[PDB]
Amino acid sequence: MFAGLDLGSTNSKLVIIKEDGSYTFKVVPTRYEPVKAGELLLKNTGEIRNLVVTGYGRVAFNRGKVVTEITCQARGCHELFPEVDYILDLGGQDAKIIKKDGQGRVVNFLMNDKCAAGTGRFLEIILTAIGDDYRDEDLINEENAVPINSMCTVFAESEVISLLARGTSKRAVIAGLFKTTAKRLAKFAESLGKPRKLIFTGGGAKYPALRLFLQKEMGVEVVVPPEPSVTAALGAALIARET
């Protein structure tokens, strides 16, 4: 009866909290149509007492109370990790580092610059194209991960083309892509202060090689929600309950 709806650039997520405190979640692709995805998500749900909508599609949805994904992500990660002060959210279009206090309140945040947009969607695109059917154990076991340009997805695509055109191993390229992404994310995740411990969430945290490369670059403990896709929507549902 308390719903949180996260209409992201790539996927839309619905979390519903029952009176008992338990919760369920639903995830569907956004398909560049946030309104339709959210309506598909909310049908057959039963009647909802309060809704909070977040994500790129939040305004167009024209329902419920609108809250940015920065505030929602902080609220949802605090429910799961009240003792960790820093959150890294990698989505399909934006990357976010958030600092929160003991009560879950955002005390500082930063999002990617313009040239750093779209990293997650690029990784999704390139993995299907290259063909990713080795396990991550192969990727971390790769001794010749190729450094790939960290500037942006344009320069990185140009290098992937050059590398594969020359006959470089797809595993060396894929390993290099995760490794360079992890290196950039580690420096980004220290923007608000050097964390002693880091929460890594968003669909980006579902890549096993990226989690491991990130933890190695960070040099500190990393924790990942049970379901990183939905922690922002859970935060919205907790806000919906509290208000």
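In case it trips you up, residue 1 is the first one in the sequence shown, and so on.
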On average, are the C-alpha B-factors higher in 127-135 or in 109-117?
-> 127-135
Higher avg CA temperature factor (141-149 vs 164-172, as deposited) belongs to 141-149
If you compare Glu217, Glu69, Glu33, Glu190, which has the highest Cα B-factor in the entry?
-> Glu33
Per the PDB entry, maximal CA B factor within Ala182, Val53, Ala60, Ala205 = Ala60
If you rank every modelled residue in this chain by C-alpha B factor, which third holds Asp94: lowest, middle or highest?
-> lowest
Quick one: classify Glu83 as lowest, middle or highest third of the chain based on its Cα B-factor.
-> highest
Thinking about Cα B factors across the chain, which third does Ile48 belong to?
-> highest
Compared with the other modelled residues in the chain, in which third is the CA B-factor of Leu210?
-> lowest
Just say lowest, middle or highest third for the CA B-factor of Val28 relative to the other modelled residues in its chain.
-> middle
